[PDB]
Structures are given as structure tokens and as C-alpha cells.
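Chains as they are written, first to last, in the entry's author numbering: chain B, 1 to 146; chain D, 1 to 146; chain C, 1 to 141; chain A, 1 to 141. Note that the Cβ used here is the ideal one computed from N, Cα and C, for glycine as well.
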Ligand code: HEM
Ligand code: HEM
Ligand code: HEM
Ligand code: HEM
């Protein structure tokens with residue numbers, strides 16, 4: 001993605017303050033709650049019948065940590081999102097059959113999780129930069145679909 | 001745009017049988033008729049109150065041939081739709097204030113006009129290559145927006 | 001929201017489909033899978049090759065449902081309730097997909113009904129497919 | 001469709017906004033212009049600079065339309081019909097942009113109501129803004 005250096009500096013600065021374990025569990029859980037159809041991939045996760053069943057579910061929480069852990073590493077490679085996510089792009093396509101649109105949904109839920117968390121600190125310009133980031137990841141993850 | 005040579009070979013070959021005049025006239029007319037809000041940019045074209053008012057309006061038409069004419073040329077730059085449309089990008093953004101989404105809408109109406117006109121000849125595969133084309137154009141035209 | 005002209009226009013176009021709905025439905029699916037490969041994430045269990053029987057068969061299913069839609073243009077919600085339930089609770093196809101298929105069906109129709117696929121009929125079917133799509137995704141959340 | 005809890009959730013979250021509606025509306029706007037630059041194409045006659053009073057003036061309007069829809073949660077189509085007419089026939093804003101602003105609004109709210117912006121509330125607000133957008137684009141064609 002083409003980020004300003006004050007943009008990439010902005011992304012990176014804030015990201016340094018996020019707790020990936022709990023932000024991952026929070027963004028994944030919120031995705032399942034707000035876009036319930038996304039639950040289609042998680043029947044083996046158990047009870048997702050309520051916002052608390054979802055949010056406090058240890059599998060949901062543990063999966064969020066992995067997605068975000070993964071997201072966090074693409075962050076070190078803003079200049080090569082595609083190669084970064086190439087094998088994960090194939091895994092999601094070829095093996096999990098995840099509609100890439102799910103990637104965009106999560107990006108947005110992520111953006112709202114950040115706001116919620118950083119408050120005033122997630123400024124108009126900070127958001128605009130993250131919007132760029134989440135869009136690049138969604139596209140990088142969708143790259144190898146065929 | 002990533003086109004196969006069989007993809008490009010097929011794009012090229014049907015494009016060769018297009019009467020840009022009436023196909024551009026038809027495409028832009030349908031746009032105005034199917035997605036009536038796209039008319040907001042053409043009050044000065046006159047009466048657009050009916051599909052005939054629209055279809056038979058000489059401004060629509062000439063504007064259609066003009067648009068389709070520029071489409072035609074990018075075809076000569078399938079490898080650089082980006083730089084091919086840089087100026088038109090700035091113009092549509094900077095001057096005409098055209099929401100780039102209209103470009104997507106047009107591409108889909110186009111694809112529909114081609115089908116209509118080529119019937120049987122506009123095959124699932126020919127459509128698929130074209131879809132790649134009009135999406136690349138929309139993106140190339142949407143390129144310089146800021 | 002379908003106007004009397006829209007409905008009249010969909011019955012016309014659709015009536016002319018007649019016997020080929022099945023054929024057109026499967027072609028529409030085939031164009032979609034090729035034009036929008038991400039749509040394939042929903043039929044991992046179908047053989048998606050050209051002239052596959054699953055596709056062929058599914059094409060008819062969709063076709064038929066469209067026909068029932070056309071027949072109950074004024075009570076789609078009720079005519080399509082079971083289907084909405086199905087898509088919203090079991091299938092859970094992402095709403096953005098309804099648009100790709102609708103488009104594919106428009107192309108299919110354009111390509112087979114030259115004379116009847118008028119700017120006005122085009123506008124109508126578009127609105128039609130849009131409302132069917134809305135009805136199918138109305139119970140998602 | 002908004003369930004009793006959706007409504008309760010939006011009456012509560014919006015209740016907290018209370019006073020900052022206009023202020024929040026303006027921010028939502030600024031968030032949209034910056035993140036989704038394509039949105040600027042509708043406001044060529046505006047000053048889009050940080051703190052422009054054109055933006056402040058417009059944010060307030062938006063926020064009051066929202067406040068009004070909330071107050072008429074049970075009759076949103078009628079409450080906002082004038083606004084639908086307007087967007088449908090004069091502004092003619094591509095429907096896609098409603099989704100972008102709605103997102104910016106959710107961001108804005110999340111940013112100001114850390115305590116009330118719960119998964120449940122987030123969910124209800126999202127459906128709420130979607131029905132508002134739906135109402136506003138219902139007369140486009
Ligand atoms: C947005 C960026 C995303 C990233 C970076 C990401 C990352 C990952 C990673 C690292 C894995 C584990 C790979 C493995 O087991 O080999 C995974 C698995 C998975 N992902 Fe993604 N993911 C993303 C988005 C999504 C979304 C949006 C969904 C669907 C709502 C999703 C659905 C799945 C599923 C169902 C699994 C398998 C879990 C299991 O073992 O049952 N992912 N993802
Ligand atoms: C999709 C690809 C399109 C291409 C390649 C294209 C190309 C062009 C070109 C080559 C011009 C001539 C400008 C000049 O030098 O004076 C033009 C003008 C214009 N186009 Fe675009 N166009 C496209 C789509 C659209 C769409 C979808 C809309 C709106 C619905 C639109 C609205 C306009 C307007 C308002 C003008 C100015 C008309 C005038 O000169 O009075 N265009 N376009
Ligand atoms: C015009 C919009 C649509 C209509 C009328 C429609 C209609 C139908 C019908 C009639 C069925 C069969 C249920 C049964 O077995 O009785 C079905 C199932 C299904 N639909 Fe939809 N559908 C539409 C959109 C979509 C879209 C856009 C997708 C995803 C790309 C989709 C994916 C599926 C799948 C995966 C199944 C089940 C397939 C199977 O198990 O054979 N549908 N649909
Ligand atoms: C839920 C979302 C929205 C609400 C509640 C809303 C509400 C309003 C209201 C109350 C007005 C002013 C009417 C008056 O002057 O009485 C307005 C005007 C306007 N809106 Fe919307 N709107 C929404 C979405 C959008 C979007 C997404 C855009 C474009 C991206 C947009 C573009 C405009 C424009 C260009 C005007 C004219 C304003 C001026 O010149 O001051 N609106 N809207």
C-alpha cells in the first residue's frame with residue numbers, strides 16, 4: 001500500500017500500543033456478532049448464539065489472536081503485503097473457502113475496535129491511514145483466489 | 001490488468017466488430033435509464049425524462065461515442081491503463097466531480113450492451129475477460145482522485 | 001420498489017424465457033463463476049466444470065425460484081420466505097454476492113433476448129433482481 | 001429489521017450522544033472525506049478544511065436527521081421521507097456512499113462512547129444506520 005511516511009509512522013506508532021491478544025479476540029468476536037453470517041466458518045467453535053457466548057468463547061478468543069498476530073506481521077511489511085499473505089491467501093481460498101469479502105468486513109470491525117480503544121487518539125487522519133492498511137490486507141489476502 | 005493472451009486475444013477480436021458510435025450511445029443511454037441518479041451530471045443534455053427521451057437524445061449519444069472512444073484507446077494500453085487514463089482521472093475528479101463508482105456502473109452496462117449485441121458470441125469466457133477490462137478501466141480512471 | 005410498468009415488463013421478458021429458464025439459470029451461474037471467481041467459495045462441493053450437472057441442476061433451481069418470484073411479484077416476501085430463511089440461516093452467502101449473480105443473469109438474458117432486452121426492460125429486470133436479492137438477505141440479522 | 005433490543009440499544013447509545021450530535025456528525029463527515037476521498041465529489045461547493053463551518057453546519061444537519069429517525073424509530077420511512085425525496089431526486093448520491101458515512105459514524109461513536117459501545121450496541125447501531133441508508137435510497141428508482 002502507498003502510505004505517507006507520516007502515515008506509516010502513524011500506523012506503527014499506535015499499533016505499538018495495541019494488545020494483539022485481546023484486540024484480536026475483540027475484532028473477531030465483534031465480526032461474528034455484527035455480521036452473524038460470518039459465523040458460517042465456525043460451527044466447531046461451539047455456542048455463538050449470543051454476544052456473550054461469542055465474545056467470551058475461548059476458541060473465538062484464541063482464533064482472534066492468530067488472525068491479528070498474522071495481521072501484526074503484515075504490518076512489518078507494508079511494502080510487500082502480497083508476498084507476506086500469499087500462502088495465507090491460498091490457504092483461505094483453496095482450503096477454507098472464505099469469501100474475501102470477509103476480510104473487508106473484519107478490516108472495518110478492526111477500525112472500529114481501534115477507535116473504541118484509542119478514543120481521541122484515533123484521529124481522522126489516523127483512521128484514514130488504517131483504512132489504507134486494512135484495505136491492503138484484504139486485497140493481499142484475496143490476491144491468490146481463483 | 002492481468003489478462004491472459006487468450007483473454008486479450010478475445011477482447012481484441014470482438015472489440016474489432018464494435019461500432020463504437022452506437023455501442024457508446026447505447027451504453028451511456030442505458031446508464032442514465034437504469035441508474036437514473038447518474039443523470040445528475042447531465043441536466044444540460046436536455047430531456048432525459050424517458051428512456052426514449054434519453055436513448056434518442058443527441059447529447060447522450062455523442063457523449064456516449066466520446067466516452068466509448070476513450071475506452072477503445074486504453075485497449076491499446078491494457079498494460080498501462082493507469083498512465084493511459086491519468087489525465088482523464090484528474091479531470092473527472094478535479095473538474096467534473098464524478099464519483100468513480102459511476103465508472104463501475106458504466107462497465108457493467110457496457111458488458112450488458114456487448115452481450116445484447118453479440119448474443120451467443122459473448123461467451124462466459126469472453127464476458128470474464130471483459131469484466132477484467134472494465135474493472136481495470138474503472139480503476140485506472142479512479143486512479144488520480146484525491 | 002416495482003411499479004406496474006416494471007412488473008408488466010418483468011412478466012413479458014420472463015414469459016419469453018419460458019422453457020429455457022433452466023438453461024439460462026445454469027448459464028448465469030457459469031458466467032458468474034468465471035467472471036467472479038470468489039463466488040466459487042460457496043460451491044466447493046460442486047464440480048464447477050463446464051456443463052457440470054450440479055451447475056446445470058442448480059441453474060434450474062434458481063431459475064424456478066425466479067419464476068415463482070415473477071408469479072408472485074406482489075408478495076415476494078411470502079413467496080420467497082423459505083428461501084430467505086435458507087440463505088440467512090444455513091447458506092449465509094455474503095450479501096455482496098447477490099449483485100454478482102443478478103448481473104450475470106442480466107447478461108444471460110441480454111444475450112438470449114436481443115429484441116426484448118430494451119433499456120426499459122433492462123431497467124425493470126435490474127430492479128426486479130435487486131428486490132429479489134433484498135428479500136433473500138432481509139433476514140440475515 | 002430492528003428488534004426491540006436494537007431499538008433500545010440505539011435509544012440508549014444515541015441518548016448518550018445527547019449534546020454532541022452535531023459535533024459528532026461533523027467529525028463523521030471529516031472522517032469520511034479523509035478516508036473515502038471519493039466522497040468529496042458531492043461537496044465541491046464546500047470548504048472541506050479541518051473545522052470549516054460549512055462542515056460543522058452540515059454535520060449538525062445530519063446529526064439532527066439521525067436524532068429524528070431515532071425519535072421515530074417506529075416510523076422511520078415517514079419520518080425521513082422528505083430526506084429520501086431529496087437524496088433520491090436532487091442530490092442523487094450513489095447509494096454506495098451511505099455505507100461509507102455510516103462506517104465513519106460508527107467509528108466516531110466508538111471513539112466517544114467507550115463504555116456504551118458494546119458488541120451488542122455496535123451491532124444495533126450498524127443495523128440502525130443501514131435502515132436509515134435504506135430509507136434514504138428507497139426512491140432512487
Ligand atoms: C483479515 C485477515 C485475516 C488473517 C491475517 C487471517 C489469518 C489466519 C491464520 C493465520 C489462520 C491459521 C492458518 C492455519 O491454520 O494454517 C487462519 C485460519 C482461519 N481463518 Fe483466517 N485470517 C483473516 C481473516 C479471516 C476472516 C475474515 C475469516 C472469516 C470470517 C477467517 C476464517 C478463518 C478460518 C475459518 C480459519 C480456520 C480455523 C480453524 O482451524 O478451524 N479468516 N486465518
Ligand atoms: C467509464 C469510462 C469513461 C471514460 C473513458 C470517459 C471518458 C470521457 C472523455 C474522454 C471525456 C471528454 C472530456 C473533454 O476532454 O472535454 C469525458 C467527459 C465527461 N464524462 Fe467521462 N468517461 C467515462 C465515464 C463517465 C461516466 C460514468 C460519467 C457519469 C455518469 C461521465 C461523465 C462525464 C462528464 C460529465 C463529462 C464532461 C462532459 C462535457 O464535456 O460536457 N464519464 N468522459
Ligand atoms: C437471485 C438470487 C438467488 C436465488 C433466487 C437463489 C435461489 C436458490 C435456490 C432455489 C436454492 C435451492 C434450495 C433447495 O435445495 O431447495 C439455492 C441454494 C443455494 N444458493 Fe442461492 N439463490 C440466489 C443467490 C445465491 C448466491 C448469490 C449464492 C452464492 C454465490 C447462492 C448460493 C447458494 C448455495 C451454495 C446453495 C445450496 C447449494 C446446494 O447445496 O446444492 N445463492 N439458492
Ligand atoms: C445516513 C446518512 C445521511 C443522512 C442522515 C443525510 C442527511 C442529510 C440532510 C439532513 C441534509 C440537508 C437537507 C437540508 O438542507 O434540509 C443532507 C444534504 C446533503 N447530503 Fe445527505 N445525508 C446522508 C448521507 C449522505 C451521503 C453519504 C452523502 C455523500 C457522500 C450526502 C450528501 C449530501 C449533500 C451533497 C447534501 C447537500 C448539502 C449542502 O449543500 O449543504 N448525504 N443530507
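Item                                                                                                                                                                                       : Value
Check whether the segment 107-126 of chain B touches the segment 83-97 of chain B, taking contact to mean three or more Cβ pairs, one atom from each stretch, closer than 8 Å.             : no
Looking at residue 103 of chain D and ligand 2, is the gap between the Cβ and the nearest heavy atom below 7 Å?                                                                            : yes
Just to check my reading of the structure: residue 112 of chain A and residue 50 of chain A have Cβ atoms closer than 8 Å, yes? What is that Cβ distance to the nearest angstrom?          : Actually they are not in contact, since the Cβ atoms of residue 112 of chain A and residue 50 of chain A sit about 18 Å apart, beyond 8 Å.
Please tell me whether, using a cut-off of 7 Å, the distance from the CB of residue 70 of chain B to the nearest non-hydrogen atom of ligand 1 is below it.                                : yes
Are residue 14 of chain B and residue 126 of chain B touching if we call contact CB-CB under 8 Å?                                                                                          : yes
Pick out the complete beta strand (DSSP E) segments inside the segment 52-94 of chain C, 3 residues or longer, and give them in chain order.                                               : none
Between residue 127 of chain A and chain C, is any beta-carbon pair separated by less than 8 Å?                                                                                            : yes
Contact defined as beta carbons within less than 8 Å: I believe residue 32 of chain D pairs with residue 60 of chain D. What is the distance between those atoms, to the nearest angstrom? : 6 Å
Alpha carbon to alpha carbon, what distance is there between residue 137 of chain A and residue 96 of chain D?                                                                             : 23 Å
Counting only Cβ pairs nearer than 9 Å, list the residues of chain C close to residue 124 of chain A.                                                                                      : Going along chain C, no residue has its Cβ under 9 Å from residue 124 of chain A, so there is no contact; the nearest lies around 10 Å.
Decide yes or no for the touch test of the segment 92-108 of chain A against the segment 25-35 of chain A: beta carbon pairs closer than 8 Å, at least 3 of them.                          : yes
Measuring only from the beta carbon, is residue 89 of chain B closer than 7 Å to any heavy atom that is part of ligand 1?                                                                  : no
Taking only beta carbons into account, state which residues of the segment 16-32 of chain B come closer than 7 Å to chain A, listed in chain order.                                        : 29, 30
With a threshold of 16 other CB atoms inside 10 Å of the CB of residue 80 of chain A, please say whether the residue is buried or exposed.                                                 : buried
Once the 5 residues before and after residue 65 of chain B are set aside, which same chain residues still bring their CB inside 8 Å of it?                                                 : 20, 21, 24, 25
Buried or exposed: where does residue 56 of chain B fall if 16 or more other Cβ atoms within 10 Å of its Cβ makes it buried?                                                               : exposed
Against residue 107 of chain A, what residues of chain B qualify as contacts under a CB-to-CB distance less than 7 Å, listed in chain order?                                               : 111, 112, 115, 127
Between the Cα of residue 67 of chain C and those of C:12, C:88, C:110, C:115, spot the shortest distance and give me the residue it belongs to.                                           : C:12
Beta-carbon of residue 98 of chain D versus every beta-carbon of chain A: anything under 8 Å?                                                                                              : yes
Could one say the Cβ of residue 94 of chain C lies closer than 8 Å to chain B's Cβ atoms, at least one of them?                                                                            : yes
Hey, would you say the C-beta of residue 41 of chain B is under 7 Å away from at least one heavy atom of ligand 3?                                                                         : no
Alpha carbons only, please: which of B:5, B:7, B:124 is nearest the one belonging to residue 36 of chain A?                                                                                : B:124
Around the Cβ of residue 88 of chain A, are there at least 16 other Cβ atoms within 10 angstroms (buried) or fewer (exposed)?                                                              : buried
Alpha helix (DSSP H) containing residue 127 of chain B: first to last residue?                                                                                                             : 124-142
Is any heavy atom of ligand 4 found at a distance shorter than 7 Å from the C-beta of residue 98 of chain A?                                                                               : yes
Please list the partners that residue 120 of chain D has in chain C, where partner means a Cβ-to-Cβ separation under 9 Å.                                                                  : 111, 112
Comparing the CB of residue 105 of chain C with every heavy atom of ligand 4, is any distance shorter than 7 Å?                                                                            : no
From B:9, B:5, B:142, pick the residue whose C-alpha is nearest to that of residue 81 of chain B; which is it?                                                                             : B:142
What is the rounded straight-line gap between the Cα of residue 83 of chain D and the Cα of residue 128 of chain D?                                                                        : 24 Å
Does the separation of the CB atoms of residue 62 of chain A and residue 14 of chain A fall below 8 Å?                                                                                     : no
To the nearest whole angstrom, what separates the beta carbons of residue 137 of chain D and residue 41 of chain D, a pair I think is in contact under 8 Å?                                : Residue 137 of chain D to residue 41 of chain D, Cβ: 18 Å. No contact.
What's the gap between the Cα of residue 223 of chain C and the Cα of residue 116 of chain C?                                                                                              : The structure shown does not extend to residue 223 of chain C, since chain C is modelled only from 1 through 141, so no value can be given for it.
Could you work out which residues of chain D lie near residue 31 of chain C, taking near to mean beta carbons separated by less than 8 Å?                                                  : 124, 127, 128
For ligand 1, any of its heavy atoms closer than 7 Å to the Cβ of residue 91 of chain C?                                                                                                   : no
Taking the alpha helix (DSSP H) that residue 24 of chain C belongs to, which residues open and close that run?                                                                             : 21-35
Could you please give the first and the last residue of the uninterrupted alpha helix (DSSP H) stretch that includes residue 53 of chain B?                                                : 51-55
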